[PDB]
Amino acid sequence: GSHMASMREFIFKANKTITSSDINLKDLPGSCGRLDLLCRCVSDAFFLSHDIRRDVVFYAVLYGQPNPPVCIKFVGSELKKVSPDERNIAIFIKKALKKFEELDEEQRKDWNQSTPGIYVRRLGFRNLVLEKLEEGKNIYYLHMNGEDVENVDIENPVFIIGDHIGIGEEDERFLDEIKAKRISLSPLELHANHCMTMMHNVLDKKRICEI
């Protein structure tokens, strides 16, 4: 074995997801701007059968009205009292957005914990990716026309996952500029949350041959 372990980190850009705590739990998809999708991504990033993945960090950058961008960071090793269902996760996200509302613009420059393992910050998608590059991460863009993941060595990863409409031409230009490596998990276009499930499975299996 190589005995190499690394954090699995994901960034999901939520193009339209609501950025105030004024959340209608009864319309997560419509009035909340596909908040349901974001909740499933959180669920799929962390939850196993009788456990939570302690090596995962998940970042969501929300661009919906009225206060974008808001970045919410979930740290698997620290999360308490989150369960895999959308309603529970949505309430945790509501709490995070409420915390963000209580902070001034200076305070929002930093990560601010709302509940254990959940932090909010004024941070956009590109600045977040830059910050990860400076830490030494490799950026991988999960995109259906990328290299077959089967053949790529993955090291110190940050996985980028777009939503229903996607990252957009602007941010693709940017990923191209910083040399993000595109990887494919499937011949079909999947929901963002399915990508994370596939990506975890790829890494779980490599762990068996290689580490």
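Numbers for residues come from their place in the sequence shown, where the first is 1.
- When 37-45 is weighed against 158-166, 158-166 comes out higher, by mean CA B-factor as recorded in the entry.
- 20-28 and 7-15 differ in mean CA B-factor, and the higher of the two is recorded for 20-28.
- Taking the deposited Cα B-factors for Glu105, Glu131, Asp85, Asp110, the highest one is held by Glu105.
- Among the modelled residues of its chain, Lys81 has a C-alpha B-factor that falls in the highest third according to the deposited record.
- Residue-level temperature factors show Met196 in the highest third of its chain, judged at the C-alpha atom.
- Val70 sits in the lowest third of its chain by CA B factor, as recorded in the PDB entry.
- In the deposited entry, the Cα temperature factor of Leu142 sits in the middle third of values across the chain's modelled residues.
- Per the deposited record, the Cα B-factor of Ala60 falls in the lowest third when ranked against the other modelled residues of its chain.
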